[PDB]
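**Q** Input protein26.pdb, format and content: PDB, C-alpha atoms (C1' of nucleotides).
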MODEL        1
ATOM      1  CA  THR A   1      -3.862 -21.635 -41.338
ATOM      2  CA  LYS A   2      -3.311 -21.444 -37.584
ATOM      3  CA  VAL A   3      -4.541 -18.854 -35.107
ATOM      4  CA  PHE A   4      -2.641 -17.437 -32.140
ATOM      5  CA  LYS A   5      -4.032 -16.764 -28.675
ATOM      6  CA  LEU A   6      -2.457 -14.022 -26.547
ATOM      7  CA  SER A   7      -2.409 -13.891 -22.743
ATOM      8  CA  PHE A   8      -0.860 -10.837 -21.088
ATOM      9  CA  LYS A   9      -0.854 -10.844 -17.244
ATOM     10  CA  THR A  10       0.508  -7.275 -17.387
ATOM     11  CA  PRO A  11      -1.572  -4.217 -18.290
ATOM     12  CA  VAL A  12      -1.126  -2.898 -21.806
ATOM     13  CA  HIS A  13      -1.300   0.551 -23.403
ATOM     14  CA  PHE A  14      -2.332   0.465 -27.007
ATOM     15  CA  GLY A  15      -3.175   4.031 -27.946
ATOM     16  CA  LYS A  16      -5.099   5.946 -30.590
ATOM     17  CA  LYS A  17      -4.018   9.578 -30.296
ATOM     18  CA  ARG A  18      -2.536  10.491 -26.909
ATOM     19  CA  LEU A  19      -0.676   8.579 -24.200
ATOM     20  CA  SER A  20      -3.665   9.020 -21.906
ATOM     21  CA  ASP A  21      -5.855   7.268 -24.458
ATOM     22  CA  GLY A  22      -6.731   3.620 -24.012
ATOM     23  CA  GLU A  23      -7.805   1.107 -26.623
ATOM     24  CA  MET A  24      -8.613  -2.564 -26.288
ATOM     25  CA  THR A  25      -7.761  -4.066 -29.675
ATOM     26  CA  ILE A  26      -5.179  -3.110 -32.271
ATOM     27  CA  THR A  27      -5.027  -3.447 -36.012
ATOM     28  CA  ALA A  28      -2.838  -5.280 -38.476
ATOM     29  CA  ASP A  29      -0.900  -2.043 -38.975
ATOM     30  CA  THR A  30       0.710  -2.135 -35.541
ATOM     31  CA  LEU A  31       0.951  -5.926 -35.556
ATOM     32  CA  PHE A  32       2.759  -6.106 -38.888
ATOM     33  CA  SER A  33       4.983  -3.248 -37.805
ATOM     34  CA  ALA A  34       5.945  -5.176 -34.672
ATOM     35  CA  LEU A  35       6.674  -8.372 -36.568
ATOM     36  CA  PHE A  36       8.816  -6.389 -38.990
ATOM     37  CA  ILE A  37      10.789  -4.678 -36.230
ATOM     38  CA  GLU A  38      11.449  -7.959 -34.436
ATOM     39  CA  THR A  39      12.494  -9.638 -37.678
ATOM     40  CA  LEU A  40      15.021  -6.860 -38.245
ATOM     41  CA  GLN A  41      16.267  -7.015 -34.656
ATOM     42  CA  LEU A  42      16.780 -10.751 -35.060
ATOM     43  CA  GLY A  43      18.724  -9.994 -38.219
ATOM     44  CA  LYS A  44      16.683 -12.460 -40.244
ATOM     45  CA  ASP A  45      15.617 -12.082 -43.875
ATOM     46  CA  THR A  46      12.600  -9.884 -44.502
ATOM     47  CA  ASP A  47      11.539 -10.730 -48.057
ATOM     48  CA  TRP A  48       9.849 -13.998 -47.103
ATOM     49  CA  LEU A  49       7.641 -12.424 -44.452
ATOM     50  CA  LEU A  50       6.901  -9.256 -46.442
ATOM     51  CA  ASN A  51       4.906 -10.376 -49.471
ATOM     52  CA  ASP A  52       3.442 -13.729 -48.431
ATOM     53  CA  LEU A  53       1.793 -13.326 -44.998
ATOM     54  CA  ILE A  54      -1.804 -12.278 -44.344
ATOM     55  CA  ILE A  55      -2.695 -11.110 -40.831
ATOM     56  CA  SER A  56      -6.094 -10.320 -39.379
ATOM     57  CA  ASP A  57      -6.628  -7.668 -36.754
TER
ATOM     58  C1'   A B   1       9.809   0.275 -40.448
ATOM     59  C1'   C B   2       4.288   0.299 -33.175
ATOM     60  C1'   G B   3       0.236   8.150 -32.144
ATOM     61  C1'   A B   4       5.877   6.816 -31.143
ATOM     62  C1'   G B   5      10.466   8.389 -28.287
ATOM     63  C1'   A B   6      13.011  11.078 -23.595
ATOM     64  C1'   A B   7       9.932  11.087 -18.121
ATOM     65  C1'   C B   8      11.616   8.716  -9.695
ATOM     66  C1'   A B   9       3.049  10.945  -7.774
ATOM     67  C1'   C B  10       8.643  13.436  -5.999
ATOM     68  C1'   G B  11      10.031  17.636  -1.641
ATOM     69  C1'   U B  12       8.771  19.693   3.490
ATOM     70  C1'   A B  13       6.934  18.103   8.178
ATOM     71  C1'   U B  14       5.152  12.952  13.802
ATOM     72  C1'   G B  15       0.884  10.778  17.787
ATOM     73  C1'   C B  16       2.054  15.505  19.984
ATOM     74  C1'   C B  17       0.171  19.014  24.598
ATOM     75  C1'   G B  18      -1.924  19.173  30.428
ATOM     76  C1'   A B  19      -3.039  15.477  33.098
ATOM     77  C1'   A B  20      -1.148  11.915  41.250
ATOM     78  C1'   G B  21      -4.319   5.428  40.599
ATOM     79  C1'   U B  22      -6.653   9.355  44.347
ATOM     80  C1'   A B  23     -10.416  10.161  48.714
ATOM     81  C1'   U B  24     -12.272   7.809  53.563
ATOM     82  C1'   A B  25     -10.639   2.428  55.285
ATOM     83  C1'   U B  26      -8.347   2.568  65.320
ATOM     84  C1'   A B  27      -5.176  -4.314  63.052
ATOM     85  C1'   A B  28     -11.628  -5.297  66.863
ATOM     86  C1'   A B  29     -11.030  -9.788  68.907
TER
ENDMDL
END
What does the file become when written as structure tokens?

**A**
Amino acid sequence: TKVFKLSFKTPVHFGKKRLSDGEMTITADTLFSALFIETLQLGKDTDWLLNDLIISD
RNA sequence: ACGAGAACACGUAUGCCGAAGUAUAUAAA
């Protein structure tokens, strides 16, 4: 049960409704979506990291 | 399998214009 720390050094747009909107934190929805899209881009197998991983916001 | 994805804060125009470094100032002894 490890935790990850994120440093950016470049400004980030995270969005709620419109591109001119700004939000500070994002939810496990967008995070899990990103992990899924990068898993598919890598061409790895998705079953393992679909129904076993629990992510906090 | 991210309220996403396309997307040059771009284009036009300058330090310009009138102005004298002048006026007196026995090269005495």

**Q** Could you list the residues in chain B lying within 9 Å of chain A, using all atoms listed in the file, and format the result as a ChimeraX atom specification?

**A** /B:1-3

**Q** Can you write just those residues out, C-alpha atoms (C1' of nucleotides), as a PDB file, keeping the file's coordinate frame?

**A**
ATOM      1  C1'   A B   1       9.809   0.275 -40.448  1.00  0.00           C
ATOM      2  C1'   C B   2       4.288   0.299 -33.175  1.00  0.00           C
ATOM      3  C1'   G B   3       0.236   8.150 -32.144  1.00  0.00           C
TER       4        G B   3
END

**Q** Using only C-alpha atoms, which of A:39, A:20, A:4, A:9 sits nearest residue 57 of chain A?

**A** A:4

**Q** What do you get, as an MDAnalysis selection string, if you spell out every residue that the PyMOL selection byres ((chain A and resi 24) around 9) selects here?

**A** chainID A and resid 12:15 22:23 25:26

**Q** Tell me, in Å to one decimal, how far atom CA of residue 46 of chain A is from atom CA of residue 28 of chain A.

**A**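 Distance reported for this atom pair: 17.2 Å.
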
**Q** Please, what distance in Å, to one decimal, runs between atom CA of residue 27 of chain A and atom CA of residue 10 of chain A?

**A** 19.8 Å

**Q** Work out how far apart atom CA of residue 2 of chain A and atom CA of residue 41 of chain A are and give it in Å to one decimal.

**A**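 Separating atom CA of residue 2 of chain A from atom CA of residue 41 of chain A is a distance of 24.5 Å.
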
**Q** Pull out every residue that the PyMOL selection byres ((chain A and resi 1) around 12) matches in the shown coordinates and put them as an MDAnalysis selection string.

**A** chainID A and resid 2:4 53:56
